[PDB]
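Undergrad: Dropping a structure here in structure tokens format, bear with me for questions.
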Amino acid sequence: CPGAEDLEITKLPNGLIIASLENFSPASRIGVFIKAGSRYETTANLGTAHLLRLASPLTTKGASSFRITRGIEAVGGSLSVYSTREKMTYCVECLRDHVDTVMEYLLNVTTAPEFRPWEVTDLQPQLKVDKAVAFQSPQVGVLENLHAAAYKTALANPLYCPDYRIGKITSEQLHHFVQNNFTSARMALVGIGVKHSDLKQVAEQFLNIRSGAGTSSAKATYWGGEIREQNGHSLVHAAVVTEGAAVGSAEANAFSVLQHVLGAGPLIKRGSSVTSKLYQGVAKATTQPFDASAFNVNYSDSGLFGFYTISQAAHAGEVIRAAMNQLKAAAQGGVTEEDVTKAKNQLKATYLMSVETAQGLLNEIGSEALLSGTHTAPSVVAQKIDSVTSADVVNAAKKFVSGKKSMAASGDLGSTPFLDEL
Amino acid sequence: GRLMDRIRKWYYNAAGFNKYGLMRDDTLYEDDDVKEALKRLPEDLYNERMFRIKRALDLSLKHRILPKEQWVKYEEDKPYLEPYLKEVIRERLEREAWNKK
Amino acid sequence: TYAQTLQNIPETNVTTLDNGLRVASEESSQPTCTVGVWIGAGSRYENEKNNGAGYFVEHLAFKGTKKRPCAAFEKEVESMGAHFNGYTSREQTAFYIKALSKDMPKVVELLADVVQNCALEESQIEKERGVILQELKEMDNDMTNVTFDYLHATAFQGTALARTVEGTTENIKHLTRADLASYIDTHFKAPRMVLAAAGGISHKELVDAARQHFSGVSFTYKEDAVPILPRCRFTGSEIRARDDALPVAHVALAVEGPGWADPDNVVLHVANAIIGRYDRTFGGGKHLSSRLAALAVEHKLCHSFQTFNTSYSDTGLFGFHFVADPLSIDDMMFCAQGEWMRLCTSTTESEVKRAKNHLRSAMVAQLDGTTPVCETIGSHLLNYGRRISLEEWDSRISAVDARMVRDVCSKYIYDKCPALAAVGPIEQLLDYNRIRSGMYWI
Amino acid sequence: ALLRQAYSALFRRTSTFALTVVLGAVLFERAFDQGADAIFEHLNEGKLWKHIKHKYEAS
Amino acid sequence: XXXXXXXXXXXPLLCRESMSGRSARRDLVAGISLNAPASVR
């Protein structure tokens with residue numbers, strides 16, 4: 001009766017990664033991590049990555065659009081597609097028994113779509129809907145405009161399909177995108193609550209199609225732009241970033257610590273942030289309610305770092321300038337050796353409880369197994385983080401004040417400062 | 001035994017919708033299945049079907065037909081809708097079976 | 001195999017203190033953990049004068065204690081990478097902490113400090129006056145929120161359950177430090193509290209740190225006695241708050257539930273799983289198994305619909321809620337009530353064989369993490385008096401068949417006068433009598 | 001508890017409601033007719049052929 | 001099999017803490033599900 005098991009990893013001749021782990025949980029969760037996304041779109045096929053993840057329930061070469069939804073729901077299972085600008089995960093959850101059942105539809109969707117022209121055409125207007133509900137949160141507005149103002153290509157491409165290309169994505173563009181990117185050396189069959197010998201058997205004696213590395217991406221050229229949206233909303237969102245560090249970078253951990261030094265989102269419900277020098281530093285400058293956190297993204301070949309301020313209209317200027325000064329003062333040395341250790345503690349915490357969930361665990365395993373075909377022991381990831389000096393943090397702050405900034409802000413920008421005013 | 005081909009080719013000419021310049025699938029009665037299959041047709045094939053039908057309609061009100069030269073040959077008849085119609089039926093039979101079990 | 005992994009879940013340990021406080025834990029090998037106190041207190045325990053006091057208290061829980069004021073308390077909690085969170089319902093208040101498994105004893109001390117030695121600074125209260133008054137204006141634009149409050153306001157009209165958790169504007173305006181302190185002393189008492197924990201925590205060391213910081217024994221029998229709340233009367237009624245300028249309309253319809261104790265609550269969840277839920281982002285579309293969802297897609301009946309079985313101590317609310325355009329309401333309500341009758345009349349074994357599988361996957365998904373396990377544990381004791389393992393839930397669920405779903409639904413739904421809450425542009429949906437006649441004969 | 005006992009059995013399912021009305025109309029007809037007939041004949045004693053019949057049967 | 005939905009069209013939160021937790025911890029994930037409301041982070 002159940003005990004402590006190890007995580008296993010296998011690399012097929014295909015270049016395919018199989019990262020499994022048995023935890024004896026009554027719920028299995030299998031995913032297919034793929035290096036796809038809008039990062040590989042060009043001006044000719046914009047939005048084909050968005051339509052692609054909406055195209056999951058469409059007919060496949062082995063399962064009808066009917067049987068996919070009906071067969072999965074027949075066993076309480078669920079199918080979902082999460083994707084960023086340069087990653088694509090196809091997940092399935094179900095009871096331990098009906099793994100093989102739901103595994104079929106998962107395999108059919110990712111490795112054998114048909115993209116029937118009439119089904120594709122009928123799906124096109126869902127782009128309008130899915131975008132409209134996601135854009136209800138003002139952050140996705142400036143966050144998409146940020147990448148547009150930060151880069152020139154690849155990462156500059158929007159995560160949600162642009163309006164002008166809705167209904168104008170061909171069924172052939174979906175086929176080409178899957179053929180060029182969903183290749184074996186770019187994917188990983190990652191499972192949880194499954195024996196490795198089974199997950200391995202499935203990946204080879206069922207899963208194949210185009211091998212190799214396929215279409216590559218033009219590495220992200222930096223721009224440094226200033227996109228501003230005037231929409232009269234009483235609240236003004238604003239983001240200011242420079243080039244950060246990539247995934248698996250040396251300066252990667254240094255920025256994450258600087259993030260918690262400045263502070264990233266309250267840890268106490270309805271609570272002020274004391275550890276946050278950013279939250280506090282702005283609070284001294286403005287009177288009214290607001291939010292100001294540290295912003296940090298790490299991509300494969302680049303990254304962004306800075307601050308995001310949700311503030312009132314006329315007090316946007318006060319908050320933004322104050323939030324800027326906090327990174328200036330942080331670069332001028334204003335970082336206690338305890339602040340680092342306190343941030344290195346907050347960070348080691350955040351990481352650990354994030355992997356509590358089934359989503360967090362499968363993602364964390366599959367993320368690394370996809371890029372660097374290994375899983376790092378949680379003790380060593382705890383080593384790599386607190387092996388960051390106090391100087392490394394002040395250095396990361398120095399790079400912000402020095403580097404070329406790119407700003408995205410949407411709201412009533414009547415009192416929102418331009419980028420050449422910071 | 002080339003008998004079956006003899007009989008089909010005979011009926012095709014005896015039917016005489018080729019005199020109107022109509023394909024076999026043009027004369028298909030549009031029930032729920034045919035209606036759905038038609039909506040799956042590519043633009044070009046659909047716009048062409050539309051003209052052939054409107055031409056047959058115009059001919060019918062004239063009580064005239066096309067010249068013998070413009071009659072659709074039996075071997076030149078394109079079953080353009082039949083592959084679509086078969087999948088529409090196959091899909092439906094699946095649902096009807098899946099809703100009983 | 002699934003059947004074995006249920007049997008092999010570490011049982012939840014329970015021990016009781018001198019003062020009646022219960023301590024429960026689910027020990028795993030987690031470097032992190034969640035541990036807090038689930039109190040049997042809410043807006044039902046409140047009344048006309050102190051309505052929303054427990055919510056006013058919830059605002060002042062994290063704002064510092066006697067031993068350590070606001071500045072120190074927030075700084076101490078943040079530094080250990082620990083997250084402090086909580087809530088308050090109509091019948092249940094909770095305050096819990098997410099932290100490393102090593103900080104467990106310090107956490108319990110931090111928890112015990114808030115529930116007992118809360119500061120309630122006279123100056124701090126005046127700040128949260130405007131804070132809550134803003135959260136009221138902000139929640140007032142949540143149409144789903146406004147509807148469900150209205151549902152309670154008319155279903156349990158004239159009783160304690162008809163009150164909102166946040167309370168009146170007048171009450172928030174005029175609540176005193178004395179009123180707040182009174183609520184805390186009256187309700188936050190050891191026997192009505194459960195110290196739950198889940199993660200890499202030794203149960204023994206949990207009850208030890210608990211034994212230390214949860215001290216004082218009660219003297220009389222009264223302070224050992226847990227109050228028996230006065231019953232709440234259901235009313236076949238409706239409340240229609242009309243606003244045609246409102247973009248989309250919200251409608252909630254419900255019958256009276258059985259209560260936490262009743263084993264029929266399991267069947268009602270199986271039945272609710274059959275109809276399920278939907279919103280226009282459900283990729284399944286027209287092929288969804290849920291009949292109401294399929295009809296909702298085929299005829300564009302609604303933006304979203306959900307079914308709920310909100311249970312309370314002695315009662316509940318079995319019903320559904322949907323969001324629709326001004327001219328799709330009547331057809332949506334029509335189909336919804338039709339599927340209700342379909343439950344009582346036509347429910348097939350094939351349908352519940354799916355519904356059971358969904359409910360199985362649901363209750364397991366409910367326990368994904370330390371906090372949702374702690375939430376279950378803190379509530380299971382507070383409502384059932386014990387922990388119900390997933391193994392036991394499965395046994396109850398697996399015994400559900402179509403003949404049973406028909407009976408239980410016919411018992412709570414058929415020919416019953418429902419409660420109706422309707423907000424927004426609501427002309428197409430009209431007359432209670434028509435809605436009432438939709439309660440019988442499929 | 002007739003008002004309840006009648007509801008559960010007779011008035012619940014739309015079927016038993018109809019069967020109640022059908023059988024209720026059968027009972028009502030026998031009852032009402034005999035009743036009204038009695039009230040009318042008693043109000044007119046010695047006036048109907050029903051009464052003065054015997055006076056003319058030397059058959 | 002879990003998660004709340006929404007509804008809008010095409011063609012407030014004004015207090016420091018009830019609109020807190022939003023400023024992009026990371027950046028922007030985009031989730032869509034066969035039977036679950038479209039996620040967004």
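Here's how to read the names in the structure tokens: chain A, B, ... by the order shown, residue numbers from 1 in each chain, ligand numbers from 1 in the order shown.
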Leaving out residue C:88 and any residue of its chain fewer than 3 positions from it, which residues lie within 9 Å of it when counting only C-alpha atoms, given as a list in words?

TA: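 The neighbour list is residues 41, 42, 43, 54, 55, 58, 91, 92, 93, 94, 95, 165 and 166 of chain C.
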
Undergrad: I need the residues from that last selection saved to file as an mmCIF file, in the first residue's frame (with C-alpha atoms), if you can.

TA:
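Here's the written file selection_5.cif:
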data_model
loop_
_atom_site.group_PDB
_atom_site.id
_atom_site.type_symbol
_atom_site.label_atom_id
_atom_site.label_comp_id
_atom_site.auth_asym_id
_atom_site.auth_seq_id
_atom_site.Cartn_x
_atom_site.Cartn_y
_atom_site.Cartn_z
ATOM 1 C CA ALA C 41 -20.301 32.525 13.299
ATOM 2 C CA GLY C 42 -21.916 34.614 10.575
ATOM 3 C CA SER C 43 -24.700 37.029 9.672
ATOM 4 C CA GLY C 54 -18.837 40.077 11.944
ATOM 5 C CA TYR C 55 -17.876 41.501 8.573
ATOM 6 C CA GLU C 58 -13.220 40.614 9.510
ATOM 7 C CA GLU C 91 -23.179 30.774 9.051
ATOM 8 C CA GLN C 92 -19.395 30.420 9.005
ATOM 9 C CA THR C 93 -16.389 32.657 9.661
ATOM 10 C CA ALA C 94 -12.787 31.587 9.040
ATOM 11 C CA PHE C 95 -9.271 32.973 9.484
ATOM 12 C CA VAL C 165 -23.261 39.223 5.241
ATOM 13 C CA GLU C 166 -21.897 42.754 4.898
#

Undergrad: Stretch 31-38 of chain E: which residues within 10 Å, counting only C-alpha atoms, same-chain residues fewer than 5 positions away excluded, as an MDAnalysis selection string?

TA: (chainID A and resid 50 53:57 68:69 72:73 77:84 88:92 130:131 133:134) or (chainID C and resid 277:285 288 304) or (chainID E and resid 1:6)

Undergrad: Considering only helix (DSSP H, G or I) as DSSP defines it on the backbone, what residues of chain D qualify? List them as a ChimeraX atom specification.

TA: /D:2-11,14-42,49-52,54-56

Undergrad: Choose the residue, out of B:70, B:99, B:60, B:47, that has the smallest atom-to-atom separation from residue B:19; count only C-alpha atoms.

TA: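 Closest to residue B:19 of all the choices is B:70.
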
Undergrad: Identify which of the residues A:128, A:284, A:152, A:277 lies closest to chain E, counting only C-alpha atoms when measuring atom-to-atom distances.

TA: A:128

Undergrad: Tell me, in Å to one decimal, how far atom CA of residue B:20 is from atom CA of residue B:55.

TA: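 It comes out at 7.7 Å.
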
Undergrad: List the spatial neighbours of residue C:200 as a short mmCIF file (atom, residue, chain, number, x, y, z; two decimals) with N, CA, C and O atoms, in the first residue's frame - criterion: any atom at most 10 Å away, only C-alpha atoms, same-chain residues fewer than 3 positions off excluded.

TA:
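Result went into selection.cif, see below:
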data_model
loop_
_atom_site.label_atom_id
_atom_site.label_comp_id
_atom_site.auth_asym_id
_atom_site.auth_seq_id
_atom_site.Cartn_x
_atom_site.Cartn_y
_atom_site.Cartn_z
N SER C 25 -6.27 17.74 11.83
CA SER C 25 -5.14 17.87 10.91
C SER C 25 -5.11 16.77 9.86
O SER C 25 -5.49 15.63 10.12
N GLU C 26 -4.65 17.13 8.67
CA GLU C 26 -4.35 16.17 7.62
C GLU C 26 -2.87 16.26 7.29
O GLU C 26 -2.43 17.19 6.62
N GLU C 27 -2.10 15.30 7.79
CA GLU C 27 -0.65 15.34 7.63
C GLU C 27 -0.18 14.74 6.31
O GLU C 27 -0.53 13.62 5.97
N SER C 28 0.61 15.52 5.58
CA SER C 28 1.25 15.04 4.37
C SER C 28 2.75 15.31 4.47
O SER C 28 3.27 15.60 5.55
N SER C 29 3.45 15.19 3.35
CA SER C 29 4.88 15.47 3.32
C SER C 29 5.14 16.82 2.66
O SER C 29 6.14 17.00 1.96
N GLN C 30 4.25 17.77 2.91
CA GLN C 30 4.33 19.10 2.31
C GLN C 30 5.25 20.03 3.09
O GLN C 30 5.10 20.20 4.29
N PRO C 31 6.21 20.65 2.39
CA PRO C 31 7.08 21.67 3.00
C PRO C 31 6.29 22.91 3.40
O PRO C 31 6.69 23.64 4.30
N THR C 32 5.17 23.13 2.71
CA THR C 32 4.25 24.20 3.05
C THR C 32 3.02 23.64 3.76
O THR C 32 2.86 22.42 3.85
N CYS C 33 2.16 24.52 4.25
CA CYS C 33 0.95 24.09 4.94
C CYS C 33 -0.07 25.21 5.08
O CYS C 33 0.25 26.39 4.90
N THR C 34 -1.30 24.83 5.40
CA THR C 34 -2.35 25.80 5.70
C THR C 34 -3.00 25.44 7.02
O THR C 34 -3.43 24.31 7.23
N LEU C 100 5.18 27.90 5.70
CA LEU C 100 6.03 26.72 5.76
C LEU C 100 5.60 25.85 6.92
O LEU C 100 5.06 26.34 7.91
N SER C 101 5.85 24.55 6.81
CA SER C 101 5.47 23.60 7.85
C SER C 101 6.26 23.81 9.14
O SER C 101 5.87 23.33 10.20
N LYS C 102 7.38 24.52 9.04
CA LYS C 102 8.23 24.76 10.20
C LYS C 102 7.67 25.86 11.10
O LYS C 102 7.91 25.86 12.31
N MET C 104 4.63 26.40 11.79
CA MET C 104 3.33 25.96 12.31
C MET C 104 3.03 26.40 13.75
O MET C 104 1.94 26.90 14.02
N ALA C 197 -5.65 22.16 10.30
CA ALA C 197 -4.35 22.29 9.66
C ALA C 197 -4.15 21.20 8.62
O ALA C 197 -4.75 20.12 8.70
N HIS C 203 0.39 16.13 13.98
CA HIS C 203 -0.84 16.43 14.70
C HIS C 203 -0.58 16.68 16.17
O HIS C 203 -1.18 17.56 16.78
N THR C 370 -3.34 22.57 0.26
CA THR C 370 -3.44 22.51 1.72
C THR C 370 -4.63 23.33 2.22
O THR C 370 -5.37 22.89 3.10
#

Undergrad: Got a sec to pull out which chain C residues are within 10 Å of chain E, counting only C-alpha atoms, and send them as a ChimeraX atom specification?

TA: /C:130-135,137-142,144,247-248,276-285,288,302-306,323-324,358-359,361-362,365-366

Undergrad: I'd like the contact shell of residue D:19 - 9 Å cut-off, only C-alpha atoms, skipping same-chain residues fewer than 5 positions apart - returned as a short mmCIF file (atom, residue, chain, number, x, y, z; two decimals) with N, CA, C and O atoms, in the first residue's frame.

TA:
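So the final result, stored in result39.cif, reads:
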data_model
loop_
_atom_site.label_atom_id
_atom_site.label_comp_id
_atom_site.auth_asym_id
_atom_site.auth_seq_id
_atom_site.Cartn_x
_atom_site.Cartn_y
_atom_site.Cartn_z
N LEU D 10 -54.17 12.01 -4.36
CA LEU D 10 -55.05 12.42 -5.44
C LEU D 10 -54.52 13.61 -6.25
O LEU D 10 -54.44 13.55 -7.47
N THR D 14 -50.67 14.73 -12.02
CA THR D 14 -51.77 15.23 -12.84
C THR D 14 -52.69 14.10 -13.29
O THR D 14 -53.85 14.33 -13.63
N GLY D 24 -64.94 11.29 -9.22
CA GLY D 24 -65.67 12.23 -8.40
C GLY D 24 -66.96 12.67 -9.07
O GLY D 24 -67.97 12.89 -8.42
#

Undergrad: Using only C-alpha atoms for the distances, tell me which of C:410, C:379, C:347, C:147 is nearest to chain D.

TA: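 Among the listed residues, C:410 lies closest to chain D.
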
Undergrad: At most 8 Å is the cut-off: for each residue in chain A with any atom that close to an atom of chain B, write down the nearest atom pair and the distance in Å rounded to one decimal, counting only C-alpha atoms, chain first then increasing number, as CSV.

TA:
residue,atom,partner,partner_atom,distance
A:64,CA,B:91,CA,7.8
A:66,CA,B:95,CA,7.5
A:117,CA,B:40,CA,7.9
A:118,CA,B:40,CA,5.6

Undergrad: Quick check: residues of chain D within 10 Å of chain C, only C-alpha atoms, returned as a PDB file with N, CA, C and O atoms, in the first residue's frame.

TA:
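Contents of the output file selection_28.pdb:
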ATOM      1  N   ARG D  12     -51.589  15.317  -6.374  1.00  0.00           N
ATOM      2  CA  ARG D  12     -50.194  15.525  -6.754  1.00  0.00           C
ATOM      3  C   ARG D  12     -49.978  15.316  -8.251  1.00  0.00           C
ATOM      4  O   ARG D  12     -49.973  16.276  -9.021  1.00  0.00           O
ATOM      5  N   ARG D  13     -49.790  14.064  -8.657  1.00  0.00           N
ATOM      6  CA  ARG D  13     -49.630  13.737 -10.070  1.00  0.00           C
ATOM      7  C   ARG D  13     -50.875  14.137 -10.852  1.00  0.00           C
ATOM      8  O   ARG D  13     -51.999  13.912 -10.401  1.00  0.00           O
ATOM      9  N   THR D  14     -50.667  14.730 -12.024  1.00  0.00           N
ATOM     10  CA  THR D  14     -51.765  15.235 -12.842  1.00  0.00           C
ATOM     11  C   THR D  14     -52.689  14.102 -13.285  1.00  0.00           C
ATOM     12  O   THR D  14     -53.849  14.329 -13.632  1.00  0.00           O
ATOM     13  N   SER D  15     -52.165  12.881 -13.262  1.00  0.00           N
ATOM     14  CA  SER D  15     -52.934  11.695 -13.617  1.00  0.00           C
ATOM     15  C   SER D  15     -54.020  11.399 -12.587  1.00  0.00           C
ATOM     16  O   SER D  15     -55.204  11.342 -12.920  1.00  0.00           O
TER      17      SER D  15
END

Undergrad: Which residues come within 9 Å of stretch 5-19 of chain C, counting only C-alpha atoms, excluding same-chain residues fewer than 3 positions away, as a ChimeraX atom specification?

TA: /A:1-2,24-26,96 /C:1-2,22-28,189-191,203,207,210-211,214-219,223-224,377,386-392,394

Undergrad: Using only C-alpha atoms, which residues sit within 10 Å of stretch 384-396 of chain A once same-chain residues fewer than 2 positions away are excluded, as an MDAnalysis selection string?

TA: chainID A and resid 244:245 250:259 261 305 327:341 343:345 347:348 378:382 398:401

Undergrad: Can I get the selected residues back with N, CA and C atoms, as a CSV table (one decimal), in the first residue's frame?

TA:
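Result went into result-v8.csv, see below:
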chain,number,residue,atom,x,y,z
A,244,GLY,N,14.6,42.5,-19.0
A,244,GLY,CA,15.0,41.8,-17.8
A,244,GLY,C,16.0,40.6,-18.2
A,245,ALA,N,15.8,39.5,-17.6
A,245,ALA,CA,16.6,38.3,-17.8
A,245,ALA,C,15.8,37.2,-18.4
A,250,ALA,N,21.6,33.8,-15.6
A,250,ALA,CA,22.4,34.0,-14.4
A,250,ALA,C,21.7,35.1,-13.6
A,251,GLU,N,21.3,36.2,-14.2
A,251,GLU,CA,20.6,37.3,-13.6
A,251,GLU,C,19.2,37.0,-13.4
A,252,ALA,N,18.7,35.8,-13.6
A,252,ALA,CA,17.3,35.4,-13.5
A,252,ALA,C,16.9,35.5,-12.0
A,253,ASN,N,17.6,34.8,-11.2
A,253,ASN,CA,17.3,34.8,-9.7
A,253,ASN,C,17.4,36.1,-9.1
A,254,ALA,N,18.3,36.9,-9.5
A,254,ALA,CA,18.6,38.3,-9.0
A,254,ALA,C,17.4,39.2,-9.1
A,255,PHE,N,16.7,39.1,-10.2
A,255,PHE,CA,15.6,39.9,-10.5
A,255,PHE,C,14.4,39.5,-9.7
A,256,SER,N,14.2,38.2,-9.5
A,256,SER,CA,13.1,37.7,-8.7
A,256,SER,C,13.2,38.1,-7.2
A,257,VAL,N,14.4,38.2,-6.7
A,257,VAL,CA,14.6,38.6,-5.4
A,257,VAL,C,14.4,40.1,-5.3
A,258,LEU,N,14.8,40.9,-6.3
A,258,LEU,CA,14.6,42.3,-6.3
A,258,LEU,C,13.1,42.6,-6.4
A,259,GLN,N,12.3,41.7,-7.0
A,259,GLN,CA,10.9,41.8,-7.1
A,259,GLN,C,10.2,41.8,-5.7
A,261,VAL,N,11.9,42.3,-2.9
A,261,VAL,CA,12.4,43.4,-2.2
A,261,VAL,C,11.5,44.7,-2.4
A,305,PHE,N,11.3,43.5,-16.9
A,305,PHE,CA,11.2,43.8,-15.4
A,305,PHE,C,10.9,45.3,-15.2
A,327,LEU,N,12.9,52.5,-7.3
A,327,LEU,CA,13.9,51.7,-8.1
A,327,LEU,C,15.2,52.4,-8.2
A,328,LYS,N,15.1,53.8,-8.2
A,328,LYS,CA,16.3,54.6,-8.2
A,328,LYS,C,17.0,54.5,-6.9
A,329,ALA,N,16.3,54.6,-5.8
A,329,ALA,CA,16.9,54.5,-4.5
A,329,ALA,C,17.3,53.1,-4.2
A,330,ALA,N,16.7,52.1,-4.9
A,330,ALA,CA,17.1,50.7,-4.7
A,330,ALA,C,18.4,50.4,-5.4
A,331,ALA,N,18.7,51.2,-6.5
A,331,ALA,CA,19.9,51.0,-7.3
A,331,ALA,C,21.0,51.8,-6.7
A,332,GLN,N,20.7,52.9,-5.9
A,332,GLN,CA,21.7,53.7,-5.3
A,332,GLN,C,22.2,53.1,-4.0
A,333,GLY,N,21.8,51.8,-3.7
A,333,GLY,CA,22.3,51.1,-2.6
A,333,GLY,C,21.3,50.7,-1.5
A,334,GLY,N,20.1,51.4,-1.6
A,334,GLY,CA,19.1,51.3,-0.6
A,334,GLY,C,18.5,49.9,-0.4
A,335,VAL,N,19.4,48.9,-0.1
A,335,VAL,CA,18.9,47.5,0.1
A,335,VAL,C,19.7,46.9,1.2
A,336,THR,N,18.9,46.7,2.3
A,336,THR,CA,19.5,46.1,3.5
A,336,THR,C,19.8,44.6,3.2
A,337,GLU,N,20.9,44.1,3.9
A,337,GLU,CA,21.3,42.7,3.8
A,337,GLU,C,20.1,41.8,4.3
A,338,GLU,N,19.3,42.4,5.2
A,338,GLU,CA,18.2,41.6,5.8
A,338,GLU,C,17.0,41.6,4.8
A,339,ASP,N,16.9,42.8,4.0
A,339,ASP,CA,15.9,42.9,3.0
A,339,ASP,C,16.0,41.8,2.0
A,340,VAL,N,17.2,41.5,1.6
A,340,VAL,CA,17.5,40.4,0.6
A,340,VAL,C,17.1,39.1,1.2
A,341,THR,N,17.6,38.8,2.4
A,341,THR,CA,17.2,37.5,3.1
A,341,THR,C,15.8,37.4,3.4
A,343,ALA,N,13.5,38.8,1.5
A,343,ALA,CA,12.9,38.6,0.1
A,343,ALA,C,13.2,37.2,-0.4
A,344,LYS,N,14.4,36.7,-0.1
A,344,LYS,CA,14.8,35.4,-0.4
A,344,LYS,C,14.0,34.4,0.3
A,345,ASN,N,13.5,34.8,1.5
A,345,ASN,CA,12.6,33.9,2.2
A,345,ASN,C,11.1,34.0,1.7
A,347,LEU,N,10.4,34.5,-1.3
A,347,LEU,CA,10.4,33.9,-2.6
A,347,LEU,C,10.5,32.4,-2.5
A,348,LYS,N,11.3,31.9,-1.6
A,348,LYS,CA,11.3,30.4,-1.4
A,348,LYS,C,10.0,29.9,-0.9
A,378,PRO,N,13.9,20.2,-5.5
A,378,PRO,CA,13.4,21.5,-4.8
A,378,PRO,C,14.4,22.0,-3.8
A,379,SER,N,15.3,21.2,-3.3
A,379,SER,CA,16.4,21.6,-2.4
A,379,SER,C,17.5,22.4,-3.1
A,380,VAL,N,17.7,22.1,-4.4
A,380,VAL,CA,18.8,22.7,-5.1
A,380,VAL,C,18.2,24.0,-5.7
A,381,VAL,N,16.9,24.1,-6.0
A,381,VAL,CA,16.3,25.3,-6.5
A,381,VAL,C,16.3,26.3,-5.3
A,382,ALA,N,16.3,25.8,-4.1
A,382,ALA,CA,16.4,26.6,-2.9
A,382,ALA,C,17.8,27.0,-2.6
A,398,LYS,N,20.1,48.5,-10.9
A,398,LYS,CA,21.0,49.4,-11.7
A,398,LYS,C,20.6,49.3,-13.2
A,399,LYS,N,20.3,48.0,-13.6
A,399,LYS,CA,20.0,47.8,-15.0
A,399,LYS,C,18.7,48.4,-15.4
A,400,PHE,N,17.8,48.6,-14.5
A,400,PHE,CA,16.5,49.2,-14.8
A,400,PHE,C,16.6,50.7,-15.0
A,401,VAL,N,17.3,51.4,-14.1
A,401,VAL,CA,17.5,52.8,-14.2
A,401,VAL,C,18.4,53.2,-15.4

Undergrad: Would you work out the distance separating atom CA of residue E:41 from atom CA of residue C:251, expressed in Å to one decimal?

TA: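 Here the two named atoms are 28.6 Å from each other.
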
Undergrad: To test your reading of the structure, identify every residue in stretch 192-279 of chain C that backbone DSSP assigns to strand (DSSP E), and report it as a list in words.

TA: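 The strand (DSSP E) subset of stretch 192-279 of chain C is residues 193, 194, 195, 196, 197, 198, 199, 238, 239, 240, 241, 242, 249, 250, 251, 252, 253, 254, 255, 256, 257, 278 and 279 of chain C.
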